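**Student:** Partial complex here, more coming in a sec:
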Amino acid sequence: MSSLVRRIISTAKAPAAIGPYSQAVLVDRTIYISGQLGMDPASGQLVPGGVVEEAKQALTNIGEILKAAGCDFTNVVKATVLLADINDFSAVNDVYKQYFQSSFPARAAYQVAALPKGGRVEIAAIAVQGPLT
Amino acid sequence: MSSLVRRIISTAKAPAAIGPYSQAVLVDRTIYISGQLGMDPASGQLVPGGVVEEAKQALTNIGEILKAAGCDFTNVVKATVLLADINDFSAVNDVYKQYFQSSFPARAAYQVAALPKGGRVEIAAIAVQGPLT
C-alpha cells in the first residue's frame, strides 16, 4: 500500500490548456499525455499551412512535454493519431516518422468527425519515465 | 515474476453491461474504466435532456465505478471524451470541470461519427488506486 508519485506536468514551452485538462500526468512511472493539436505555444493558435505543419507542431509540443518530464521520444510506448481526413495518412506518417526515430511506439491512427479548433490532426501519447532497458 | 492482482470492478450503482465488457478492470494499481454513456443505472436507458444531462449521468456513473474500486475522481489520470457533436465542446467542458475539481487528468476530446444507443457523449477513463502522493 505504498503511496505512488503523481505529478502534473506543466511547461510554458507547450500550449496553455483550452479546457479542463493537464498537459500530462506522471503517475508511478507512466506519463499520460493529452491530445496535442498543432497550436503554437506562445499564442495558442493553430499554425498555418494545414495538416503537415500542424502535425509537426503537435509533435514538437509532445516533445516539450516529454522533456519537462525528463523524457524524450524514445520513452513513448503508445500514440494515438487522430486525423480530420484519412487522405492525409501518408503525409502525417512521413512527419511522424521523423520524430519517433526508433523503438517505434504502438499506435492507433484513424479519421474522426471533427477535432477542437478545427484542427486537422491531434496526437496523444503514453510514455514511461526512464531509465528503460 | 510476481502474480499481479487483477479484479473485475462491478457495481449495481452503475449501468449493466450492454455488450461483452466489464465496467472496469483493476490490474496492479491501474484501473481501466469502460466508456460510459449517460445511461440511468436502474433502467439502462439514456437520460432525457440531451448532451448536458447525458454528460452528467456518464460522469456520475464513472464516480460510482471509482467508488467501488476504493477511489474518487482525484484518482483519475487520463480521460477520453467522445462527442457526437463538436459544437457541444463548451457545454461538456463546463459539466466535466464540476467533477474533476483538481489534479485535472490528461485528456483527449473529439467528435466521433456515432456512439452506441445514439448517445451524445461517452467518457472513458484510466485511474490509479491510491494512496497517491
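**Tutor:** Thanks, I have the structure now. Numbers count the residues shown, from 1 in each chain, chains lettered A, B, ... in the order given.
**Student:** Now do stretch A:110-126: distance from first to last residue.
**Tutor:** Terminal residues of stretch A:110-126 lie 17 Å apart, using Cα to Cα, to the nearest Å.
**Student:** measure residue A:124 to residue B:91 for me?
**Tutor:** Distance of residue A:124 to residue B:91, given as Cβ to Cβ, to the nearest Å: 22 Å. (Each C-beta comes from the backbone N, C-alpha and C, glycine too.)
**Student:** The two: which is more packed in?
**Tutor:** Neighbours were counted for residue A:124 and for residue B:91 using other Cβ atoms under 10 Å in any protein chain shown; residue A:124 has more, 24 against 16.
**Student:** Tell me if I'm right that that one and residue A:79 touch.
**Tutor:** Yes - at 7.0 Å, residue A:124 counts as touching residue A:79 under the criterion of Cβ atoms under 8 Å.
**Student:** Overlap in contacts, those two.
**Tutor:** Common contacts of residue A:124 and residue A:79 (Cβ atoms under 8 Å, 6 or more residues apart in numbering or on different chains): none found.
**Student:** Drop chain C onto that structure:
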Amino acid sequence: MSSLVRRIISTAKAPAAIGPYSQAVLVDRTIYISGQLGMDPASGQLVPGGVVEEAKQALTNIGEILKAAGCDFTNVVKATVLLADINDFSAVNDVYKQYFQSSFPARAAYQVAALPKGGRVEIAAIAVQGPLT
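**Tutor:** Putting chain C together with the chains above:
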C-alpha cells in the same frame, strides 16, 4: 530508479507494419497493442467478407501478438473497438465475445469516420503480462 524492461513485440504471425509503428510494446508488465485491421498476415491485404470476417481476422492477429509476448486473451485488460458503421455493433459484439471468453476487458466501442485501407473495424488493446491472480 530501476531500469524497466521495454521490448518491441514482433511476430511474422501478424501482419507487417503499414506505417511507423510496432505491433506492440511491452514495458514493465504492460503491453500496448497497436490497432489491428482485418489483414491477412501473409499478404497484408484485408480479408474479404466484410466486417464480420475482418473482425475475426483482427482478433486473430491480436491473439498472435499476445502469444508472442507470452500471453493470451485472458491477459487483456482494455480494448478499443473502432467501427466504420455503428449498425455493425451487434455483429462485431458477437464475434468479439468468442475470443474474450472470461474476465472481459474494459472497453470503448464507437463509429469513426474512416479507418486505414478502408477497413470496417479496427481493434486496439492493452494487456498485462502474467502471472495474474
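**Student:** Which positions in chain A make contact with chain B?
**Tutor:** A:1-6, A:8, A:17, A:19-25, A:27-28, A:30, A:32-35, A:80, A:82, A:112-116, A:122, A:124 (Cβ under 8 Å from any Cβ of the partner chain).
**Student:** Just the buried ones among those, please.
**Tutor:** Taking 16 or more other Cβ atoms under 10 Å in any protein chain shown as the criterion, what is buried in the residues of chain A next to chain B is A:6, A:19-25, A:27-28, A:30, A:32-35, A:80, A:82, A:112-116, A:122, A:124.
**Student:** Not counting sequence-adjacent ones, nearest residue to residue A:83?
**Tutor:** Take residue A:83 and drop its neighbours on the chain: the residue closest to it by Cβ to Cβ, 6 or more residues apart in numbering or on different chains is residue A:111, 4.7 Å away.
**Student:** so who does the one you found touch?
**Tutor:** By Cβ under 8 Å, 6+ apart, residue A:111 lies in contact with A:82-86, C:112-115.
**Student:** here's chain D, drop it on:
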Amino acid sequence: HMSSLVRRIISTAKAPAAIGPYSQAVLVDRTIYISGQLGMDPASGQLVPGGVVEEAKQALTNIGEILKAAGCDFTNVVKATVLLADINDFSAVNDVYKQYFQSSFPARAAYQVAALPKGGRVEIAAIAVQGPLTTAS
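**Tutor:** If we add chain D to the chains shown above, we get the following:
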C-alpha cells in the same frame, strides 16, 4: 521522486514489551524485521524457569504473537537466527523449533554466543515477508 513505502512498528501485549529504543518488529514495504526474542514471560519480565527447552518454547510463542500482530504466521518466515548459550543444546532446541514449521523452511543462522541479555540460554530472531507468497521450487 520515489514512492513512499509503508512502515509499521509492531507492538503487541502478547509478547514481552520492548523496553527502551527498540521495537518488537518493524515492517517496511513487505519485509518484517523481528527483534531477537528470549524465553521471557510477557507478564513476569524475566525468563521462564526450567532451562533451554522451556525458554525455546516461550521464545517461539513470543515470535508467533509478533508475527500474528503483523498479519503473518510462521509460513512467512524466510530467515531465522538461533543464538545459544551452549552449542550442545542445538538438538534440543531444534526439536522445539521443528514443530513450528512444516515445509518451505527458512534459511538459518545458528551458533553459540558469549552471553545473551537477561542470562538467556536461547534467543531467536527472524525475517518474514508479508503475503501472499507463491512457492515455486
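**Student:** Sort out which residues of the longest helix anywhere in chain A are buried, please.
**Tutor:** In chain A, assigned by DSSP state H, the helix with the most residues is helix A:51-68. Across helix A:51-68, burial judged by 16+ other Cβ under 10 Å covers A:51-66, A:68.
**Student:** what about the helices in chain A?
**Tutor:** With DSSP H as the criterion, chain A has helices at A:51-68, A:89-99.
**Student:** got those as JSON lines, with distance to residue B:104 columns?
**Tutor:** Shown next, in JSON lines, are these (distance: least, Cβ to Cβ, whole Å):
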{"stretch": "helix A:51-68", "distance to residue B:104": "15"}
{"stretch": "helix A:89-99", "distance to residue B:104": "26"}
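**Student:** And the residue of chain A closest to chain D?
**Tutor:** Nearest to chain D in chain A, going by Cβ to the nearest Cβ, is residue A:3, at a distance of 3.9 Å.
**Student:** And the helices of chain A: which comes nearest residue A:131?
**Tutor:** Residue A:131 sits nearest to helix A:51-68 of all the helices of chain A, at 14.6 Å, using Cβ to Cβ.
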